[PDB]
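Descriptive structure summary
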Amino acid sequence: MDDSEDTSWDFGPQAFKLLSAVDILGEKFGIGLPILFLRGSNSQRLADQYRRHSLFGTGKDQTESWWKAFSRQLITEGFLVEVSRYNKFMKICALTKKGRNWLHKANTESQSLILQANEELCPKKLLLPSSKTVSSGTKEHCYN
């Protein structure tokens, strides 16, 4: 079941982005800390210590749910497993044998996952319906 990838868009890079960033945090952190750091949050203390970290801010052009949405895609594929008995904050994210070997071996130049599509693919299509006139309600008794 984990070998069946959903449909459809391949973005290995994003896994490197989630997979290499949790790695610096050594995965001992909940989802809240790393989601804020790919977008490049206002934080000078973590910007001087984790300064070499290139991933800082490349999630910046991406909204919060896309990143939320990407994390969700990894849980179903088997690439990621979450434990609630870990982080009273927010379910630690945890890499398993399939995903740890991924992080501990593709660290050179290997990007491959045709991925599950993210639930919010275009949240800007929220147009406001125009006021349609109902044909009923016709009454010309008082008028001519």
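Residues numbered from 1 in each chain as written, not as in the entry; some residues may be left out. Heavy atoms only, no water.

Regarding how it was determined, this PDB entry cites solution NMR in its header.

1. Re the pattern of salt bridges
Within this structure, the stated rule accounts for three salt bridges. A salt bridge links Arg-39 to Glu-64, with the shortest nitrogen-to-oxygen separation between them at 3.5 Å. Taken together, the residues span a long stretch of sequence, with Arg-39 in the loop between α2 (32-38) and α3 (45-49) and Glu-64 in helix α4 (residues 64-77) at a distance of 25 residues. Taking the relative accessible area as the measure of exposure, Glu-64 reaches 33% and is therefore partly exposed. Across the salt bridge formed by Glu-119 and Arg-72, the nearest N and O atoms sit 2.5 Å from each other. (Salt bridge = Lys/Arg side-chain N within 4 Å of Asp/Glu carboxyl O. Helix = DSSP H or I, 4+ residues; strand = E, 2+ residues; numbered from the N terminus. Buried < 20%, exposed > 50% of the residue type's maximum accessible area, 1.4 Å probe, protein only.)

2. Some points on the side chain of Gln-73
As for its position among the elements, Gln-73 is in helix α4. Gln-73 sits in the buried class, given a relative accessible area of 1%. In this structure the side chain of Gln-73 is engaged in a polar contact, spanning 3.0 Å, whose partner is the backbone oxygen of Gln-116. Excluding residues that lie within four positions of it along the chain, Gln-73 makes contacts with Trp-9, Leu-115, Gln-116, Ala-117 and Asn-118. (Polar contact = N/O pair within 3.5 Å; in protein donor to acceptor, adjacent residues only side chain to side chain. Contact = heavy atoms within 4.5 Å.)

3. Observations regarding the side chain of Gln-116
Position of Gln-116 among the secondary structure elements: in strand β4 (residues 114-116). With sequence-adjacent residues up to four places away left out, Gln-116 is seen in contact with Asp-6, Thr-7, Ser-8, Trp-9, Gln-73, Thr-76 and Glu-77.

4. Notes on the nonpolar core
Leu-19, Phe-70, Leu-74, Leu-95 and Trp-102 are the most contacted members of the largest nonpolar core, which has 23 residues in total. Secondary-structure elements contributing two or more residues to this core are α1 (12-24), α2, α4, β3 (92-95) and α5 (97-105). The dominant element in this core, judged by the number of residues it contributes, is α1, at six residues. Leave out the neighbours within four places in its chain, and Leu-19 touches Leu-95, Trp-102 and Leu-103. (Core = buried A, V, L, I, M, F, W, Y, C linked by side-chain atoms within 4.5 Å.)

5. Examining the packing of α1 against α4
One can describe the packing of α1 onto α4 by two numbers: an axis separation of 11 Å at closest approach and a directional angle of 90°. Accordingly, the angle class assigned to the pair α1 and α4 is roughly perpendicular. Facing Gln-14, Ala-15, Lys-17 and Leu-18 of α1, the residues of α4 in contact are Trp-66, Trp-67, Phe-70 and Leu-74. Looking at the contact of α1 with α4 residue by residue, the classes come out as six nonpolar, one polar and one charged. (Axes fitted to C-alpha atoms, helices over the stretch in contact; angles between N-to-C directions. Parallel < 35°, antiparallel > 145°, perpendicular 65-115°, else oblique. Nonpolar A, V, L, I, M, F, W, Y, C, P; charged D, E, K, R; others polar.)

6. Concerning the packing of aromatic side chains
Under the defined criterion, the tally for this structure stands at six aromatic pairs. Note on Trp-9 and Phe-70: the rings are 6.4 Å apart at their centroids and 85° apart in plane angle, and the pair reads as edge-to-face. With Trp-9 in strand β1 (residues 8-10) and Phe-70 in helix α4, the pair connects residues that are 61 residues apart, well separated along the chain. Of the residues examined, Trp-9 reaches a relative accessible area of 16% and is grouped as buried. Judged by its relative accessible area of 0%, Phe-70 falls in the buried class. Seen from their ring centres, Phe-16 and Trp-102 are 4.7 Å apart, and the 50° between their planes marks the pair as tilted. Of this pair, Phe-16 sits in helix α1 while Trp-102 is found in helix α5, placing the two residues 86 residues apart along the sequence. (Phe/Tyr/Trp six-rings, centres within 6.5 Å; stacked < 30°, edge-to-face > 60°.)

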